[PDB]
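Following: one structure in structure tokens, then a few remarks.
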Amino acid sequence: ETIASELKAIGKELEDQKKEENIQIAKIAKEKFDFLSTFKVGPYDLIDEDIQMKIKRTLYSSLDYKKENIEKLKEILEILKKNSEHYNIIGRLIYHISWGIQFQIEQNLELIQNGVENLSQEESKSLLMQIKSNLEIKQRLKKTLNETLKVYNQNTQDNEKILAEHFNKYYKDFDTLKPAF
Amino acid sequence: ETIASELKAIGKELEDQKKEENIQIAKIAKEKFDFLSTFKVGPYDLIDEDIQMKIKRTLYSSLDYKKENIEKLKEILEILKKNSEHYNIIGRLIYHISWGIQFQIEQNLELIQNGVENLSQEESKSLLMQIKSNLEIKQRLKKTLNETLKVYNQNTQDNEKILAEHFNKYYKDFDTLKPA
């Protein structure tokens, strides 16, 4: 039973994702468009570097580190933050999902660093399967966000049209303005 | 008849208006939301203090100097700026209209400062009438900016709804995401 050989490679696998996201994430730091570094869901929330680190990993990744889309994400978050009823749903995306995913990936990584030999054959199978699920989800998230960006873009868009139409109606000249009464 | 007396009064009236806006406008740069100070329509446009002054007068006035609505105006402008096809229409609002209005007022103000006596009787009638039109315009503009913000509010609104339901669909848990 050489599942060991498999796991050992699946590991060096995601341990690579981490080194290169670490870099891509560092650049964004001095390029000063890393909003997650100061992003709180509610007013007086405490901010843990390590917890935010995981969150940046999964959020900045699904956005291929593209400055623009990151800006757009920040805008969407900001907008939903306005209503307190949206706090919960935002946390699910930010914590239960974006952090939860990297948290899982850490425990998997550890199990391996601890020695795959020290694992049963039953366990060794689960772990591999478990890892695969995580890397599968990591994609669903990337796909999801893209649809989200699509939603926001389409909206900002309709707004543009609407606004422009109005302008051309009323701002052509003094005579296009609304009656004084 | 005493049109000269009327003229001279009307001039004191609007010269006061200026004085209070001058204050209210100073305050806004003090609280740092005077976006019109830096605003350019296109990339490399030159910015004249005096021309911007007039523009702030009419735009900040119609909005009633409220920071809430001034912010909203900035957002609308920003949004239309993206497309170059919107440059012209934005200028009409910013220049032809908002500056043009104060420019007219200035020339009227001058005519008076120069001496109403030095004016024909028919000339004096025009001026007075002309002034009145400008004041009316100012209102039509205020009435329109009010609609402009209405529209905007309803939009920001639909967006909110849309966004909120899209989250409470694809983000309840892992199970609710995007399948292959």
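Numbering starts fresh at 1 for the residues of each chain in the structure tokens, the chains themselves are lettered A, B, ... in the order given, and ligands are numbered from 1 as they appear.
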
Fill in: Backbone DSSP call of helix (DSSP H, G or I) for range 1-180 of chain A, listed as JSON, numbers by chain
{"A": [3, 4, 5, 6, 7, 8, 9, 10, 11, 12, 13, 14, 15, 16, 17, 18, 19, 20, 21, 22, 23, 24, 25, 26, 27, 28, 29, 30, 35, 36, 37, 49, 50, 51, 52, 53, 54, 55, 56, 57, 58, 59, 60, 61, 62, 67, 68, 69, 70, 71, 72, 73, 74, 75, 76, 77, 78, 79, 80, 81, 84, 85, 86, 87, 88, 89, 90, 91, 92, 93, 94, 95, 96, 97, 98, 99, 100, 101, 102, 103, 104, 105, 106, 107, 108, 109, 110, 111, 112, 113, 121, 122, 123, 124, 125, 126, 127, 128, 129, 130, 131, 132, 133, 134, 135, 136, 137, 138, 139, 140, 141, 142, 143, 144, 145, 146, 147, 148, 149, 150, 151, 152, 153, 154, 155, 156, 157, 158, 159, 160, 161, 162, 163, 164, 165, 166, 167, 168, 169, 170, 174, 175, 176]}

Worksheet item: Within 10 Å of chain B, which residues of chain A show up when using only C-alpha atoms, listed as a PyMOL selection string?
Response: chain A and resi 76-77+79-80+82-83+85-86+88-94+96-97+101+136-137+139-145+147-148+151-152+154-181

Worksheet item: Of the residues B:125, B:56, B:132, B:66, which is the one nearest to residue 39 in chain B, using only C-alpha atoms?
Response: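 Of the candidates, the smallest distance to residue 39 in chain B is held by B:56.
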
Practice prompt. Considering only C-alpha atoms, return as an MDAnalysis selection string whatever protein or nucleic-acid residues lie within 10 Å of range 20-22 of chain A, sequence-local ones (same chain, fewer than 6 positions apart) excluded.
Written response: chainID A and resid 53 56:58 60:61 64:65

Worksheet entry | Separation of CA of residue 75 in chain A from CA of residue 44 in chain A in Å | 20.0 Å

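Relative to CA of residue 54 in chain A, CA of residue 74 in chain A is found at 16.8 Å.
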
Item to complete: Provide the CA of residue 105 in chain A to CA of residue 131 in chain A distance in Å, to one decimal place.
Response: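 These atoms are spaced 7.4 Å apart.
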
Worksheet item: Quick one: residues within 12 Å of range 31-34 of chain B, only C-alpha atoms counted, chain neighbours fewer than 5 positions away excluded, as a ChimeraX atom specification?
Response: /B:24-26,39,52-53,55-57,59-60,65-74

Next, write the just-selected residues to a file, as a short mmCIF file (atom, residue, chain, number, x, y, z; two decimals), in the first residue's frame, keeping C-alpha atoms as the atom set.
data_model
loop_
_atom_site.label_atom_id
_atom_site.label_comp_id
_atom_site.auth_asym_id
_atom_site.auth_seq_id
_atom_site.Cartn_x
_atom_site.Cartn_y
_atom_site.Cartn_z
CA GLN B 24 -20.30 77.78 3.72
CA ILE B 25 -17.83 76.92 1.01
CA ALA B 26 -14.82 77.76 3.15
CA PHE B 39 -12.12 67.49 -9.98
CA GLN B 52 -13.92 76.15 -10.07
CA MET B 53 -15.06 78.72 -7.53
CA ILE B 55 -18.82 75.77 -10.06
CA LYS B 56 -18.64 75.06 -6.32
CA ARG B 57 -20.99 77.96 -5.72
CA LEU B 59 -23.24 72.83 -7.15
CA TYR B 60 -22.67 73.06 -3.39
CA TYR B 65 -24.09 72.23 1.37
CA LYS B 66 -24.98 68.79 2.84
CA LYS B 67 -21.89 66.53 2.87
CA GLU B 68 -24.10 63.47 2.34
CA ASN B 69 -25.37 64.70 -1.05
CA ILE B 70 -22.09 66.25 -2.12
CA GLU B 71 -20.49 62.80 -1.70
CA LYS B 72 -23.25 61.27 -3.74
CA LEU B 73 -22.71 63.84 -6.50
CA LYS B 74 -18.99 63.02 -6.60
#

Worksheet item: Given the choices A:8, A:25, A:116, A:99, which gets closest to residue 48 in chain A if the distance is worked out from only C-alpha atoms?
Response: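 Selected residue with least distance to residue 48 in chain A: A:99.
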